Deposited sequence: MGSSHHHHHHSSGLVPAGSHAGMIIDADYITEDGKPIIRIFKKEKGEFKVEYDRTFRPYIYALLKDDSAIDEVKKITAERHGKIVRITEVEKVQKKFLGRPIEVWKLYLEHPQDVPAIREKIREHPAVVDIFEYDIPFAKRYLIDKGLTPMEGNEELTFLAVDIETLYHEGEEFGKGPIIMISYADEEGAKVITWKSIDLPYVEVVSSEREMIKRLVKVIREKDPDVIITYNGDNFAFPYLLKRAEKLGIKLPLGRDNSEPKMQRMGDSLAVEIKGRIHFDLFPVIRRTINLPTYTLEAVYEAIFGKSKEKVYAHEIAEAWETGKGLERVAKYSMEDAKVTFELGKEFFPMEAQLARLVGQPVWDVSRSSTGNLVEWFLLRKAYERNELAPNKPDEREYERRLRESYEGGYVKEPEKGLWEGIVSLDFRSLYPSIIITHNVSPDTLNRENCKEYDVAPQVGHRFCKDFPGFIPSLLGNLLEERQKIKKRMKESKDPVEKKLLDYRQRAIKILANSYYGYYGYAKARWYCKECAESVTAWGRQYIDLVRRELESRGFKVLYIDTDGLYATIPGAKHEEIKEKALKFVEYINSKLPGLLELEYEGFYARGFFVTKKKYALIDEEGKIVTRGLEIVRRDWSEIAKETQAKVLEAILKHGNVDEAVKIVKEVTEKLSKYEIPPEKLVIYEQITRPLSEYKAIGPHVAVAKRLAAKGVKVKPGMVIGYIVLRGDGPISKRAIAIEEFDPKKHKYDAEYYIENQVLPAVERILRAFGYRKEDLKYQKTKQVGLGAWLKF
């Protein structure tokens, strides 16, 4: 026993075998388990029914499926004893084949734990936790550069560079002559791909770091390897990287290794308008990175001139991907360990799903039958359940306070749990203020009980940190207490998460109602100190001392948190999040701020996406800069009025009017024909190979009808013959981009034109 890095299962003679991938004293070891059996639970109307239920049959892969063994078990459901039947199956793929046949049965009240993947079922049931121990993993960052031309089919252009980096340095493999110390010149695209395969197998990294390798680098490598008739044996069992369908996007796994894609991780952890590698690197390390755009890479490759610049960019991409991976992996590894699921899965999950995985493991440990995920009907009804207005204008010297560390303590002290809510024949209860929900005090609730243990464990870690003289364990314990804080602070939100198993609307409302008493205290104490509260949400607040010096606002705020935390009982804690030079607030989670270092931080306002024209994105950036960098809302209004007049008078270049939208299906599969699909159908008719992945660039022209009938492919646009729709670019592009921002200053859509 060393350190579990992953778990999966393989089929042998039609039977499942669990594979546990381990790292033991620097050596890769694979353990096999043939004895663990898949199962579900069935709640029956009467014990007699089991004789009919155990005889239920299904079909899978032409062969019939049966219930292997049945076992009567006593468990806890909704904080009540319950008798259910454990229905054993031969193979985990038998469960989706037979579960609906069992649920359909007249004697079956309900079925449970029927959507838990087999490898996760194993980890939970066997009490196995990944990423435990001091085991030191090896890492390798990998990146690729491709030859791309406007609106090409995914994979048409060859891979022209492959870069990798580790502690030994950053290297580039290319198949054109470049005279640089870190460049390896091979003969072909085929030999460059074979070289990457060789590097990976020889370095044998435990972790492969990419920046959006799930959707770009690995699908592209696989497509080009296919075209070239070569295999990619990157798995430690010599298997090829496996593309998995996660939502509408992809996820790539490399067996026996951890494919650590930084893109989903950084997107969750930090707030940015764009997640370009350059923006991300500057945000984390405060250092600038140069970008070489796709068109520049194409020009250099095709001409053979300026290739040294392209190779430096490729090398830096790998080098910074390595630095970022080493920065963000320790926290992902501690979250994995805390929820008891592999890094690959954990790094690609929301906190709501991390809470559910923690709860599922703790439910097994406590013999608690887990509730089911809602059906489409129940999921929609939860979204429909309904259950303070910001200060207008531009504010200077804004202080940010965080409330989130208040709620776990409220859940624990008031025993807020779906299993304690409105229980019959309960002797003592807590009543939520205003909402009136009653929570039984007769037993500790499942969630309050888990939260208490989490918070106690964090206090123990913090105590070990103060009393430790070792900087190495202090670093590790710091990630551990941080991982707990992240998990504990996600419970409040989870009660209201419509896809949650332990979803509880009355729990969320009650926590909000009890929480409000502390928010009202903070608000009152701030206001008596001369502070003006500009924005308040359940998460925190923004305040300033109108007309005060910035150092004075800071000093008073820091002194205020120190004071309030000394008045608030237990682990109830207020946090000073930060300070901002300027800011404005539109509504709930719609605001924009600027720090003292000139970095603009926004929430729910920016439109930095390819399906918005450059004119709209450029105008919005200019409006935000006029307001936050120049403190000038009159400048911002003049910007909009000038841009809209320029659109009216056909003074805007057509290149700034292009909309880009991806084709995601065969064209016949579309139900609603949007502008990009109408344009795509016309291209296909012209002989163009239209395939999913293709990005359609179009311009909306002047005329009668919906925009779809008036959209033209950019390659077909002729400035002499065609006239763009100025009304569409004004009303549907530019004004929507700025109208929300300017509403915070008293302007309506009508006020932003001449």
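- Residues of the deposited sequence lacking C-alpha coordinates fall in the stretches 1 to 20, 408 to 412, 780 to 793, numbered from 1.
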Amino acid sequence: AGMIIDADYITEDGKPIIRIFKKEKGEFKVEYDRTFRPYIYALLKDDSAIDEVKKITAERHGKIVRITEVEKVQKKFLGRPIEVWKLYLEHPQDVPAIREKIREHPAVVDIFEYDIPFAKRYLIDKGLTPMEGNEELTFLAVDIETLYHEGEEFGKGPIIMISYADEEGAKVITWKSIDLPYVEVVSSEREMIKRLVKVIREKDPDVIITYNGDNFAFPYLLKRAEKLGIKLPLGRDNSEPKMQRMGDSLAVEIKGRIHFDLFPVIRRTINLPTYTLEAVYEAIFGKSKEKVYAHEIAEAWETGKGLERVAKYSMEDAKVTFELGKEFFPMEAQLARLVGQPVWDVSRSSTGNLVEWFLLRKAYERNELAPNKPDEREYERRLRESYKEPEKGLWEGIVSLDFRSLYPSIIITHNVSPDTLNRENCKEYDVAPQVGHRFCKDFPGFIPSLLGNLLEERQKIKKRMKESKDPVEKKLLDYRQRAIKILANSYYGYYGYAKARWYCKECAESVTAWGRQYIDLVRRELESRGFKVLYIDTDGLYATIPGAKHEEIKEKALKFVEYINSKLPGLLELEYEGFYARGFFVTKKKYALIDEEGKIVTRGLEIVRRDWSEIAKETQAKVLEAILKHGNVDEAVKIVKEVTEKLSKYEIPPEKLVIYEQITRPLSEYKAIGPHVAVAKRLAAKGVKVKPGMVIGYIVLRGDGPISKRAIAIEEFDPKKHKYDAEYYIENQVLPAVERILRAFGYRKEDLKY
From here on, numbers count along this sequence of modelled residues.
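- Between 419 to 427 and 139 to 147, it is 419 to 427 that carries the larger average Cα temperature factor according to the deposited entry.
- Higher mean CA temperature factor, per the PDB entry, when comparing 229 to 237 with 338 to 346: 229 to 237.
- Within the selection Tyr503, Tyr88, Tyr293, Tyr591, the deposited Cα B-factor values reach their highest point at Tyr293.
- The PDB entry assigns its highest CA temperature factor, among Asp539, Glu385, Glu509, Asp261, to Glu385.
- Among the modelled residues of its chain, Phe285 has a C-alpha B-factor that falls in the highest third according to the deposited record.
- Per-chain ranking of the deposited C-alpha B factor places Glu575 in the middle third.
- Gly26: CA B factor in the highest third of modelled residues in this chain (values from the PDB entry).
- When the modelled residues of the chain are ordered by their C-alpha B factor, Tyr32 lands in the middle third.
- The entry lists a Cα temperature factor for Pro273 that places it in the highest third of the chain's modelled residues.
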